[PDB]
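Student: Mind looking over this structure? Questions follow.
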Amino acid sequence: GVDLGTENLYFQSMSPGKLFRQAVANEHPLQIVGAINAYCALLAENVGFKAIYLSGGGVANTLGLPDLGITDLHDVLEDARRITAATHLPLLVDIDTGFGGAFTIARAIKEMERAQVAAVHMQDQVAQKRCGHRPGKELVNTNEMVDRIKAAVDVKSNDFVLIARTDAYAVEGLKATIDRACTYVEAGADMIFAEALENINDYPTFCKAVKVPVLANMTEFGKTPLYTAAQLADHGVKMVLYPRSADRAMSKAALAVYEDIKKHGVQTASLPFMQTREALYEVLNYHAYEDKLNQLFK
Amino acid sequence: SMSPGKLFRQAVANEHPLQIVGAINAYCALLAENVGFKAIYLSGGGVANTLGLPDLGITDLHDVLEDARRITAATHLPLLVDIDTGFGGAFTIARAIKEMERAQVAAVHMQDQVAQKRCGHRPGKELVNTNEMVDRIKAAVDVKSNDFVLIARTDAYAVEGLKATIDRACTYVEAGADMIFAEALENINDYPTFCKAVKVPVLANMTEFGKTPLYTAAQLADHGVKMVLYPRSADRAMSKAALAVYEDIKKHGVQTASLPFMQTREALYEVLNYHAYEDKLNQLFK
Amino acid sequence: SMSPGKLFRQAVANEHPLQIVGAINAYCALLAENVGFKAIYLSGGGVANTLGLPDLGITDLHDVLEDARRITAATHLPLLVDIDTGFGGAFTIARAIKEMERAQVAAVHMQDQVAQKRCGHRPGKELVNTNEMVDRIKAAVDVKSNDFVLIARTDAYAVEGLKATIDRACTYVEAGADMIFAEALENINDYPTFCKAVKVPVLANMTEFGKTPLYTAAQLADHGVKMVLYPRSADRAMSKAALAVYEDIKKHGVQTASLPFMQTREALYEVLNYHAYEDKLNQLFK
Amino acid sequence: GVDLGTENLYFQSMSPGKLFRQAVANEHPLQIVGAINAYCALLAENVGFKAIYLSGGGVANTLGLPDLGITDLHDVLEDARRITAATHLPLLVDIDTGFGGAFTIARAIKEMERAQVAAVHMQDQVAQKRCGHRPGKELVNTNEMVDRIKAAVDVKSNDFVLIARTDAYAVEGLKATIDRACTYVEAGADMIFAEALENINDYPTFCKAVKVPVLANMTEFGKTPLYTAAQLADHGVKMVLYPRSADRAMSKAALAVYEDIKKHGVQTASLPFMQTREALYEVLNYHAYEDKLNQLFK
Ligand SMILES: [Cl-]
Ligand SMILES: [Cl-]
Ligand SMILES: [Cl-]
Ligand SMILES: [Cl-]
């Protein structure tokens, strides 16, 4: 039903998760960028990225909360929905440890699918803990994460992408990490999110062992190095994620404007650092609104 | 115990003038607080644009309310909220005021633009009659608490000139508006006349990229202005900065060149007041 | 794989007629499903009244959308949703259709009443011009998927009589409405003429306590009607029953007299399909 | 600022939690009824009840979900908000085990207060558990519940009422129950929700030991008997809760109407069982809307 030139060729109607699978296959590698809101998703789309990301940490911090697992399915879901309403670019969503036991995880998968989300990642961290527990990083046993994956796979559609994230590497080293990852794939993970993988020549071994597409997480200000997308792909990596990059720059920029207005009683010095009205109207595709009204009405 | 509305009333009286900055989310509200502003603002245009929509009145009470709630959950800094034309007739307006108060909001502004119109109407800026805006104000005043601040915004100046603008403003005050949002006054020497006539605290809107010039806080205050609003200033800079990071990552396959332009982890932990979390847990537990 | 809208289209074609019952929440939608209805309905008046508000158009897209989402999360039974007059101009209507589709809703109906009006306007029922409703329909059709069902509702009959009603209906179909909601046809012998002229499936609204009489499904179908709606039937009975329990507890200091009128734990566990939860856990784990 | 007749007397401005405290003090005992939505809250108010209740089980079941702790703070909070928008009658809200650790509990208290809720109850059940855990009832240790209470008390306002609920009685017997309850009061619970207390002559001992107002939960179809409000008060009980009574009757009534419409092709036989339009307009206080428009406009 879709055309190429004047030639009517087969095109399959593509669901969010299939668009994502397709973006992985067609890119080398797929760069996925963090976006904290619909407008950022549009900036990313306009720059020409083929997939976007909703960070768990970002959702919390944007609420003015620490990334301590205070947020729930609704906090993430509402931000996801806002983004998928604005763009069909496949969206990857951080759902932490699933927000509870088997049926919470099921509800999260279904709600994410109803929100037109393309993929989620779920982590093998310890969840909930005691009331007064101090912040930190603990892994669950492989079997506890297997159960989480099964709860998810049990209700997902075929197209929808479950990415199991492991933080084993920093704590248990490369061998034990590869072991979990393989167990996670066997339990039904579609892909793997390798967190904090240091030396790039460990990638080919990691990727070859796990078989499914692997995502490398390019964070800042942590204890992991920054390689290029090309380098990571040459070492067998299929996705590269930039989770918080843009929002760290948005923050510094907003702080700078606030300080200018405070210090100078006016924002004149900030004008050069601001997006122009015209770029804004363009990213919002404002003209298509006027054009739609002319197409249909008066 | 001071109510949100009272904190705001107090910030107007005690600052010369009160600078109110736009913040699009809780995190921005915290940055603003940390820089030391005494009042913050939730722009209606910002709510739409943040959702990836044009400022064409597509958004409803729930869209603004949800963003307001997220900001008041993070900070007690008095918040001023743009509720457009009120989102409907008298009972919608009533619902909006009550919901805003229940959200711990300190003030709202409502405008004298024409609302809804016909289905296929073209975008623009048209004023309602003075009597239609009076009705709007009465609906709002009827349910507001004493402390809560209703600010009537008029866009009359560009369309009807300074005389007719002062007339509306005064009618709006008489209908029960607490303060006045004077939109798009070009010459600063319009202000002293406007402010003197209107009597109640007046807010001047310092926007960028419009058809209005930029004066300083001091200049505006010396000309009788009590509040100065910076509605989108921070978010225009956030957008350029996000765009720059996106372009860098795309062009260079990595974000290295962007690192100098990013807030450090430590500044982030600080704005989030992260240590108070660890300290609270040590105070109460193990 | 059948889309919500297609399931609904299919239920219209294959039933004679399709009975669509009101449900105010997911639990009611499940009771309805269990009794074996093939399509369910979310009333706009029900959404308002459930919130403790009169049906005066105080509610917005978010109010109806949230209730819709809760019901579609629990059941795949095709859901018909009252979106009133569309909640604003062309882009609000567009947003409403898209949001309803993203909510897995199968159909909506939109009415040709006048919307918003002046701030202090008195409640009532006034029609928009045919051209204003055409514009509404075009805004909706422009963004809908093929399968999704737009039902134009007209209240013309009581105000303008059968002739002018058939005229609008036909104009609405030509503008792209998939089906027709004929509101307040008194005499059943109005139906065959109406239905024959309009051609597309027609819905008759079987309300209580109004100014319209009650015919049976069979009667309505024999007179050319394809859907019959029971918009508030269940919720009027729920209200009487809740009131009765409240009065009992108040008057007797205990709810003993109410016990015979309550659904048993076991019927509840059954409607919730509770066993499938235990069975799922045994299937997958320990 | 408030008047009695023509005599201007002192009246304190009363916060939701104070209204609740006051309703306890002034009634003997206070009957609190379950209401699943704003309209039900209004029916209750109209019948003249002085406090209303939002059941956790009710929130889930109304969503078409089992009471298995699938729901989160947002599910309860949204239903609470809908009710407090319609009525100032003090509302008691079930927040289960608090939906997470210390800061989730803090967020729940603050969000409940911002919603104009008067009181909440929190339970000493085990939370979250493993992914594939089977449904059931386990108590946490007294110390784990103490921690939960402290998280709550730490952020609550003075007026706001924390009610600690214990399910110890059915599992651990009267002695151990009184022990927890006393520990919970000392940790800062304002009142106590005694679940499943069988023999009424155990109440005076229970109430005398715990000191703070005690709530007896009048459920149906469980393993607990039904006494009258008067009987329970004479035995030292200060609140009596009717958590699901009205919604069990609403369900049977809606099922009956659906079956009638199915079986008869019309709802004629159901008409006698339906609230009249006029009672509806009245409970909605529809006339006050017309009167308000006449007061202010044309
Ligand atoms: Cl714009
Ligand atoms: Cl610097
Ligand atoms: Cl009504
Ligand atoms: Cl029976």
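So you can find residues: chains in the structure tokens are A, B, ... in the order shown, residues in each start at 1, and ligands are numbered from 1 in order.
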Which chain D residues are at most 9 Å from chain A (counting only C-alpha atoms), as a ChimeraX atom specification?
Tutor: /D:68-75,99-105,107,127-133,144-145,147-148,151
Student: Include N, CA, C and O atoms and write out the residues we just selected as a compact mmCIF listing (two decimals), in the first residue's frame.
Tutor:
```txt
# COMPACT_ATOMS: atom_id res chain seq x y z
N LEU D 68 -3.69 -7.66 45.29
CA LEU D 68 -2.46 -8.41 45.49
C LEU D 68 -1.25 -7.47 45.64
O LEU D 68 -0.11 -7.93 45.50
N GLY D 69 -1.50 -6.18 45.88
CA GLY D 69 -0.47 -5.13 45.94
C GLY D 69 0.16 -4.83 44.58
O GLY D 69 1.35 -4.62 44.49
N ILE D 70 -0.65 -4.87 43.50
CA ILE D 70 -0.23 -4.53 42.16
C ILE D 70 -0.26 -3.01 42.02
O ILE D 70 0.54 -2.43 41.29
N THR D 71 -1.20 -2.37 42.74
CA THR D 71 -1.39 -0.93 42.69
C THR D 71 -0.30 -0.20 43.47
O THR D 71 0.34 -0.76 44.38
N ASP D 72 -0.16 1.08 43.12
CA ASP D 72 0.91 1.93 43.64
C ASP D 72 0.30 3.19 44.25
O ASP D 72 -0.91 3.37 44.27
N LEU D 73 1.17 4.07 44.73
CA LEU D 73 0.75 5.36 45.28
C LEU D 73 -0.14 6.14 44.31
O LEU D 73 -1.13 6.72 44.74
N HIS D 74 0.18 6.16 43.00
CA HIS D 74 -0.65 6.91 42.08
C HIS D 74 -2.07 6.35 41.98
O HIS D 74 -3.05 7.07 41.80
N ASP D 75 -2.22 5.02 42.05
CA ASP D 75 -3.58 4.50 41.89
C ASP D 75 -4.48 5.01 43.02
O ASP D 75 -5.60 5.39 42.77
N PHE D 99 4.00 1.48 49.96
CA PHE D 99 4.39 1.39 48.56
C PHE D 99 5.91 1.33 48.33
O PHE D 99 6.34 1.27 47.19
N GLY D 100 6.71 1.36 49.40
CA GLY D 100 8.15 1.19 49.28
C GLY D 100 8.85 1.50 50.60
O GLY D 100 8.20 1.50 51.65
N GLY D 101 10.15 1.84 50.52
CA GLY D 101 10.94 2.19 51.68
C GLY D 101 10.70 3.63 52.16
O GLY D 101 9.71 4.25 51.78
N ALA D 102 11.63 4.16 52.99
CA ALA D 102 11.39 5.35 53.81
C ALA D 102 10.94 6.55 52.98
O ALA D 102 10.01 7.25 53.38
N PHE D 103 11.62 6.80 51.86
CA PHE D 103 11.22 7.97 51.08
C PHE D 103 9.93 7.78 50.27
O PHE D 103 9.29 8.82 50.04
N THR D 104 9.60 6.55 49.85
CA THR D 104 8.29 6.33 49.23
C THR D 104 7.20 6.64 50.26
O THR D 104 6.26 7.41 49.99
N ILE D 105 7.39 6.14 51.48
CA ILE D 105 6.41 6.40 52.53
C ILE D 105 6.31 7.89 52.76
O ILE D 105 5.19 8.40 52.84
N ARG D 107 6.97 10.36 50.62
CA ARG D 107 6.23 10.90 49.48
C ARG D 107 4.72 10.62 49.62
O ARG D 107 3.91 11.51 49.42
N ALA D 127 6.11 -6.72 52.50
CA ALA D 127 5.96 -5.97 51.26
C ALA D 127 6.88 -6.51 50.16
O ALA D 127 7.99 -6.97 50.44
N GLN D 128 6.40 -6.42 48.92
CA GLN D 128 7.16 -6.69 47.71
C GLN D 128 7.40 -8.19 47.56
O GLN D 128 6.77 -8.83 46.71
N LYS D 129 8.31 -8.73 48.39
CA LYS D 129 8.68 -10.14 48.37
C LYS D 129 9.42 -10.45 47.07
O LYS D 129 9.80 -9.54 46.33
N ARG D 130 9.62 -11.74 46.78
CA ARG D 130 10.30 -12.15 45.56
C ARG D 130 9.35 -12.02 44.37
O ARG D 130 8.14 -11.90 44.52
N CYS D 131 9.91 -12.05 43.16
CA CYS D 131 9.15 -11.83 41.95
C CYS D 131 7.98 -12.82 41.85
O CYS D 131 6.83 -12.39 41.73
N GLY D 132 8.28 -14.13 41.95
CA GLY D 132 7.27 -15.16 41.80
C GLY D 132 6.58 -15.61 43.09
O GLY D 132 6.09 -16.74 43.14
N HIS D 133 6.46 -14.73 44.11
CA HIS D 133 5.87 -15.13 45.38
C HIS D 133 4.35 -15.29 45.27
O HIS D 133 3.68 -14.52 44.59
N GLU D 144 10.44 -3.50 61.84
CA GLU D 144 10.28 -3.09 60.45
C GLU D 144 9.08 -2.14 60.32
O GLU D 144 9.17 -1.12 59.65
N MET D 145 8.01 -2.40 61.10
CA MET D 145 6.84 -1.54 61.13
C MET D 145 7.14 -0.25 61.90
O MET D 145 6.61 0.82 61.57
N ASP D 147 9.88 1.27 61.79
CA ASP D 147 10.67 2.09 60.88
C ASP D 147 9.73 2.78 59.90
O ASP D 147 9.86 3.97 59.65
N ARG D 148 8.74 2.01 59.42
CA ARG D 148 7.71 2.54 58.53
C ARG D 148 6.98 3.71 59.18
O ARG D 148 6.72 4.74 58.53
N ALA D 151 9.27 6.88 59.37
CA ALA D 151 9.32 7.50 58.05
C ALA D 151 8.08 8.37 57.87
O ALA D 151 8.17 9.51 57.43
```
Student: Go through stretch 21-118 of chain D and collect every residue that DSSP, computed from the backbone, puts in helix (DSSP H, G or I); the answer should be as a CSV table (one decimal) with C-alpha atoms, in the first residue's frame.
Tutor:
```
chain,number,residue,atom,x,y,z
D,21,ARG,CA,-9.8,14.1,65.2
D,22,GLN,CA,-12.9,16.1,66.0
D,23,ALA,CA,-15.2,13.6,64.4
D,24,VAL,CA,-13.7,10.8,66.5
D,25,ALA,CA,-14.1,12.9,69.7
D,26,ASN,CA,-17.7,14.0,69.0
D,38,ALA,CA,-16.8,11.0,44.6
D,39,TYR,CA,-20.5,10.3,43.9
D,40,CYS,CA,-20.6,7.6,46.6
D,41,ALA,CA,-18.8,10.0,49.0
D,42,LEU,CA,-21.7,12.4,48.4
D,43,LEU,CA,-24.3,9.7,49.0
D,44,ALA,CA,-22.6,9.0,52.3
D,45,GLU,CA,-22.4,12.7,53.2
D,46,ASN,CA,-26.1,13.1,52.4
D,47,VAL,CA,-27.1,10.1,54.6
D,56,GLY,CA,-7.0,-0.3,49.0
D,57,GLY,CA,-8.8,-3.4,48.0
D,58,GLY,CA,-11.6,-1.3,46.5
D,59,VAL,CA,-9.1,0.8,44.4
D,60,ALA,CA,-7.6,-2.4,42.9
D,61,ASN,CA,-10.9,-4.3,42.4
D,62,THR,CA,-12.5,-1.2,40.9
D,73,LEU,CA,0.8,5.4,45.3
D,74,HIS,CA,-0.6,6.9,42.1
D,75,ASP,CA,-3.6,4.5,41.9
D,76,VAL,CA,-4.7,5.4,45.4
D,77,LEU,CA,-3.8,9.0,45.2
D,78,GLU,CA,-5.8,9.6,42.1
D,79,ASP,CA,-9.0,8.1,43.6
D,80,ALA,CA,-8.4,10.1,46.9
D,81,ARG,CA,-8.0,13.4,45.0
D,82,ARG,CA,-11.3,12.8,43.1
D,83,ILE,CA,-13.1,12.3,46.4
D,84,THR,CA,-11.6,15.3,48.3
D,85,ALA,CA,-12.4,17.5,45.4
D,86,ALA,CA,-16.1,16.8,45.9
D,102,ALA,CA,11.4,5.3,53.8
D,103,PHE,CA,11.2,8.0,51.1
D,104,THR,CA,8.3,6.3,49.2
D,105,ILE,CA,6.4,6.4,52.5
D,106,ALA,CA,7.4,10.1,53.0
D,107,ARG,CA,6.2,10.9,49.5
D,108,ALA,CA,2.9,9.1,50.2
D,109,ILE,CA,2.3,11.1,53.4
D,110,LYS,CA,3.1,14.4,51.7
D,111,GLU,CA,1.0,13.6,48.6
D,112,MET,CA,-1.9,12.5,50.8
D,113,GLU,CA,-1.7,15.8,52.7
D,114,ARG,CA,-1.5,17.8,49.5
```
Student: Show me, as number ranges by chain, every residue of chain C with an atom at most 7 Å from chain B, counting only C-alpha atoms.
Tutor: C: 58, 62, 88-92, 116, 118-120, 132, 135-136
Student: Once you have the residues from the selection above, write them out as a CSV table (one decimal), in the first residue's frame, restricted to N, CA and C atoms.
Tutor:
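Saved as result.csv:
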```csv
chain,number,residue,atom,x,y,z
C,58,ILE,N,-17.9,20.5,32.3
C,58,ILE,CA,-16.8,21.0,33.2
C,58,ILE,C,-15.6,20.1,33.0
C,62,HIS,N,-8.9,14.9,29.6
C,62,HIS,CA,-8.2,14.1,30.5
C,62,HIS,C,-9.1,13.3,31.4
C,88,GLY,N,-12.7,21.3,22.4
C,88,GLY,CA,-12.1,22.5,21.9
C,88,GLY,C,-12.2,22.6,20.3
C,89,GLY,N,-11.4,23.4,19.7
C,89,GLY,CA,-11.3,23.5,18.3
C,89,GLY,C,-10.6,22.4,17.6
C,90,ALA,N,-10.2,22.5,16.3
C,90,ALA,CA,-9.8,21.4,15.5
C,90,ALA,C,-8.6,20.6,16.1
C,91,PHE,N,-7.6,21.3,16.7
C,91,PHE,CA,-6.5,20.5,17.2
C,91,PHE,C,-6.8,19.8,18.5
C,92,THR,N,-7.7,20.4,19.4
C,92,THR,CA,-8.1,19.6,20.5
C,92,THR,C,-8.9,18.3,20.1
C,116,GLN,N,-18.8,25.6,24.9
C,116,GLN,CA,-18.2,26.6,25.7
C,116,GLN,C,-19.1,27.8,26.0
C,118,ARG,N,-20.4,31.8,26.2
C,118,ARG,CA,-19.9,32.9,27.1
C,118,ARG,C,-19.7,32.3,28.5
C,119,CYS,N,-18.9,33.1,29.3
C,119,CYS,CA,-18.5,32.6,30.6
C,119,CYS,C,-19.7,32.3,31.5
C,120,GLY,N,-20.6,33.3,31.6
C,120,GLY,CA,-21.8,33.1,32.5
C,120,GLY,C,-23.0,32.6,31.8
C,132,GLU,N,-20.6,23.9,11.2
C,132,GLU,CA,-19.7,23.9,12.4
C,132,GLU,C,-19.5,22.5,12.8
C,135,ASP,N,-17.1,20.8,10.4
C,135,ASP,CA,-15.7,21.1,10.6
C,135,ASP,C,-15.2,20.2,11.7
C,136,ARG,N,-16.0,20.0,12.7
C,136,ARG,CA,-15.7,19.1,13.8
C,136,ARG,C,-15.3,17.7,13.3
```
Student: Please identify the strand (DSSP E or B) residues within stretch 82-178 of chain C (assignment by DSSP from backbone atoms) and present them as a ChimeraX atom specification.
Tutor: /C:82,107-111,113,127,149-154
Student: Excluding same-chain residues fewer than 5 positions from residue C:2, what lies within 12 Å of it counting only C-alpha atoms, as a VMD selection string?
Tutor: chain C and resid 7 to 11 76 to 78 104 106 147 to 148
Student: Those residues with N, CA and C atoms, as a PDB file, in the first residue's frame please?
Tutor:
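Result went into selection.pdb, see below:
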```pdb
ATOM      1  N   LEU C   7     -13.062  -4.632  15.688  1.00  0.00           N
ATOM      2  CA  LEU C   7     -13.895  -5.466  16.544  1.00  0.00           C
ATOM      3  C   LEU C   7     -15.273  -4.822  16.697  1.00  0.00           C
ATOM      4  N   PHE C   8     -15.274  -3.505  16.894  1.00  0.00           N
ATOM      5  CA  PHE C   8     -16.534  -2.801  17.031  1.00  0.00           C
ATOM      6  C   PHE C   8     -17.342  -2.852  15.727  1.00  0.00           C
ATOM      7  N   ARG C   9     -16.710  -2.543  14.577  1.00  0.00           N
ATOM      8  CA  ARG C   9     -17.370  -2.543  13.276  1.00  0.00           C
ATOM      9  C   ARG C   9     -18.022  -3.913  13.068  1.00  0.00           C
ATOM     10  N   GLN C  10     -17.286  -4.953  13.482  1.00  0.00           N
ATOM     11  CA  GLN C  10     -17.676  -6.334  13.307  1.00  0.00           C
ATOM     12  C   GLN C  10     -18.854  -6.652  14.221  1.00  0.00           C
ATOM     13  N   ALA C  11     -18.868  -6.063  15.425  1.00  0.00           N
ATOM     14  CA  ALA C  11     -19.934  -6.334  16.370  1.00  0.00           C
ATOM     15  C   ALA C  11     -21.225  -5.683  15.888  1.00  0.00           C
ATOM     16  N   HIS C  76     -10.659  -6.191  26.516  1.00  0.00           N
ATOM     17  CA  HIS C  76     -10.564  -5.939  25.084  1.00  0.00           C
ATOM     18  C   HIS C  76     -11.935  -5.736  24.441  1.00  0.00           C
ATOM     19  N   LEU C  77     -13.014  -5.876  25.222  1.00  0.00           N
ATOM     20  CA  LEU C  77     -14.329  -5.618  24.654  1.00  0.00           C
ATOM     21  C   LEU C  77     -14.322  -4.231  24.021  1.00  0.00           C
ATOM     22  N   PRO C  78     -14.770  -4.065  22.758  1.00  0.00           N
ATOM     23  CA  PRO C  78     -14.701  -2.767  22.090  1.00  0.00           C
ATOM     24  C   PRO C  78     -15.418  -1.711  22.924  1.00  0.00           C
ATOM     25  N   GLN C 104      -6.591   2.493  23.122  1.00  0.00           N
ATOM     26  CA  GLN C 104      -7.195   1.241  22.693  1.00  0.00           C
ATOM     27  C   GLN C 104      -8.727   1.328  22.659  1.00  0.00           C
ATOM     28  N   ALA C 106     -12.358   1.897  20.821  1.00  0.00           N
ATOM     29  CA  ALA C 106     -12.813   1.395  19.527  1.00  0.00           C
ATOM     30  C   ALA C 106     -13.593   2.441  18.743  1.00  0.00           C
ATOM     31  N   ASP C 147      -9.920   1.915  10.601  1.00  0.00           N
ATOM     32  CA  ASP C 147     -10.704   1.040  11.454  1.00  0.00           C
ATOM     33  C   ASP C 147     -11.488   1.808  12.531  1.00  0.00           C
ATOM     34  N   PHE C 148     -10.938   2.914  13.058  1.00  0.00           N
ATOM     35  CA  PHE C 148     -11.503   3.591  14.221  1.00  0.00           C
ATOM     36  C   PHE C 148     -12.835   4.229  13.838  1.00  0.00           C
TER      37      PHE C 148
END
```
Student: Please extract the residues at most 9 Å from ligand 4, counting only C-alpha atoms and all ligand atoms, and provide them as an NGL selection string, using the chain letters and residue numbers of this document.
Tutor: (:C and (260-263)) or (:D and (252))
Student: Export N, CA, C and O atoms of the chosen residues as a short mmCIF file (atom, residue, chain, number, x, y, z; two decimals), in the first residue's frame?
Tutor:
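As written to disk, out.cif reads:
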```cif
data_model
loop_
_atom_site.label_atom_id
_atom_site.label_comp_id
_atom_site.auth_asym_id
_atom_site.auth_seq_id
_atom_site.Cartn_x
_atom_site.Cartn_y
_atom_site.Cartn_z
N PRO C 260 -27.82 -9.73 52.27
CA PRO C 260 -28.45 -10.44 51.15
C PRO C 260 -28.35 -9.71 49.82
O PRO C 260 -28.45 -10.36 48.79
N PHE C 261 -28.13 -8.38 49.85
CA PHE C 261 -28.10 -7.57 48.63
C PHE C 261 -26.68 -7.32 48.11
O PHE C 261 -26.48 -6.57 47.16
N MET C 262 -25.70 -8.04 48.65
CA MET C 262 -24.31 -7.86 48.28
C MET C 262 -23.80 -9.04 47.46
O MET C 262 -24.13 -10.18 47.74
N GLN C 263 -22.99 -8.75 46.44
CA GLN C 263 -22.28 -9.77 45.68
C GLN C 263 -21.41 -10.53 46.66
O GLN C 263 -20.79 -9.90 47.53
N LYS D 252 -23.66 -6.17 42.78
CA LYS D 252 -24.79 -7.07 42.59
C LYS D 252 -25.88 -6.33 41.82
O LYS D 252 -26.46 -6.84 40.87
#
```
Student: Mind listing the residues within 7 Å of ligand 3, only C-alpha atoms and all ligand atoms counted, as a list in words?
Tutor: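 These are the residues that qualify: residues 45, 49, 54 and 55 of chain C; 281 and 286 of chain D.
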Student: Export N, CA and C atoms of the chosen residues as a PDB file, in the first residue's frame?
Tutor:
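Result went into part36.pdb, see below:
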```
ATOM      1  N   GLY C  45     -21.659  12.057  30.729  1.00  0.00           N
ATOM      2  CA  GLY C  45     -22.414  12.394  31.917  1.00  0.00           C
ATOM      3  C   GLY C  45     -22.005  11.519  33.090  1.00  0.00           C
ATOM      4  N   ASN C  49     -20.675  12.993  36.691  1.00  0.00           N
ATOM      5  CA  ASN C  49     -21.431  12.622  37.876  1.00  0.00           C
ATOM      6  C   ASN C  49     -20.624  11.745  38.816  1.00  0.00           C
ATOM      7  N   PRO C  54     -22.050  17.978  37.969  1.00  0.00           N
ATOM      8  CA  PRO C  54     -23.108  17.952  36.955  1.00  0.00           C
ATOM      9  C   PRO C  54     -22.559  17.879  35.537  1.00  0.00           C
ATOM     10  N   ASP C  55     -23.358  17.304  34.637  1.00  0.00           N
ATOM     11  CA  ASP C  55     -23.016  17.151  33.235  1.00  0.00           C
ATOM     12  C   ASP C  55     -23.126  18.504  32.520  1.00  0.00           C
TER      13      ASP C  55
ATOM     14  N   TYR D 281     -29.971  14.698  40.682  1.00  0.00           N
ATOM     15  CA  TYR D 281     -29.798  16.142  40.596  1.00  0.00           C
ATOM     16  C   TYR D 281     -29.598  16.716  41.991  1.00  0.00           C
ATOM     17  N   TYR D 286     -27.362  20.195  42.020  1.00  0.00           N
ATOM     18  CA  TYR D 286     -27.422  20.817  40.710  1.00  0.00           C
ATOM     19  C   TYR D 286     -28.023  22.224  40.761  1.00  0.00           C
TER      20      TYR D 286
END
```
Student: To one decimal in Å, tell me the separation between atom CA of residue A:140 and atom CA of residue A:20.
Tutor: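 If I compute the distance from atom CA of residue A:140 to atom CA of residue A:20, I get 28.3 Å.
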Student: I want to know what sits within 9 Å of residue C:32, based on only C-alpha atoms, with residues of the same chain fewer than 4 positions away left out; could you give that as number ranges by chain?
Tutor: C: 21-23, 27-28, 36-40; D: 254-255, 258-259
Student: Restricting the output to N, CA and C atoms, write the selected residues as an mmCIF file, in the first residue's frame.
Tutor:
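The resulting file, again_30.cif, is shown below:
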```
data_model
loop_
_atom_site.group_PDB
_atom_site.id
_atom_site.type_symbol
_atom_site.label_atom_id
_atom_site.label_comp_id
_atom_site.auth_asym_id
_atom_site.auth_seq_id
_atom_site.Cartn_x
_atom_site.Cartn_y
_atom_site.Cartn_z
ATOM 1 N N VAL C 21 -23.762 -1.481 26.566
ATOM 2 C CA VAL C 21 -24.103 -1.029 27.905
ATOM 3 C C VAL C 21 -23.031 -0.104 28.479
ATOM 4 N N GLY C 22 -23.512 0.924 29.192
ATOM 5 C CA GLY C 22 -22.701 1.775 30.039
ATOM 6 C C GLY C 22 -22.007 0.984 31.143
ATOM 7 N N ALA C 23 -20.757 1.384 31.418
ATOM 8 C CA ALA C 23 -19.986 0.902 32.555
ATOM 9 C C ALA C 23 -19.164 2.083 33.071
ATOM 10 N N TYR C 27 -14.427 -2.525 36.769
ATOM 11 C CA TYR C 27 -15.133 -3.627 37.382
ATOM 12 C C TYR C 27 -16.491 -3.861 36.730
ATOM 13 N N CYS C 28 -17.227 -2.780 36.505
ATOM 14 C CA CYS C 28 -18.477 -2.827 35.780
ATOM 15 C C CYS C 28 -18.254 -3.340 34.363
ATOM 16 N N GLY C 36 -22.064 -11.122 29.031
ATOM 17 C CA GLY C 36 -21.919 -11.519 27.641
ATOM 18 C C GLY C 36 -22.226 -10.406 26.641
ATOM 19 N N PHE C 37 -22.142 -9.149 27.073
ATOM 20 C CA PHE C 37 -22.303 -8.079 26.090
ATOM 21 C C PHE C 37 -21.078 -8.039 25.181
ATOM 22 N N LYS C 38 -21.277 -7.602 23.940
ATOM 23 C CA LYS C 38 -20.234 -7.577 22.928
ATOM 24 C C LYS C 38 -19.583 -6.192 22.800
ATOM 25 N N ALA C 39 -20.144 -5.149 23.438
ATOM 26 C CA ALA C 39 -19.552 -3.817 23.406
ATOM 27 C C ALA C 39 -19.999 -3.021 24.632
ATOM 28 N N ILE C 40 -19.113 -2.136 25.105
ATOM 29 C CA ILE C 40 -19.335 -1.388 26.334
ATOM 30 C C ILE C 40 -19.226 0.105 26.013
ATOM 31 N N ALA D 254 -25.433 -3.788 39.687
ATOM 32 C CA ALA D 254 -25.086 -3.562 38.289
ATOM 33 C C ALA D 254 -25.209 -4.883 37.532
ATOM 34 N N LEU D 255 -24.744 -5.978 38.137
ATOM 35 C CA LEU D 255 -24.891 -7.285 37.491
ATOM 36 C C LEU D 255 -26.374 -7.554 37.166
ATOM 37 N N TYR D 258 -27.440 -5.516 34.145
ATOM 38 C CA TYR D 258 -26.896 -6.085 32.915
ATOM 39 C C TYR D 258 -27.687 -7.349 32.501
ATOM 40 N N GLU D 259 -27.972 -8.261 33.437
ATOM 41 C CA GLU D 259 -28.684 -9.516 33.157
ATOM 42 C C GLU D 259 -30.107 -9.250 32.655
#
```
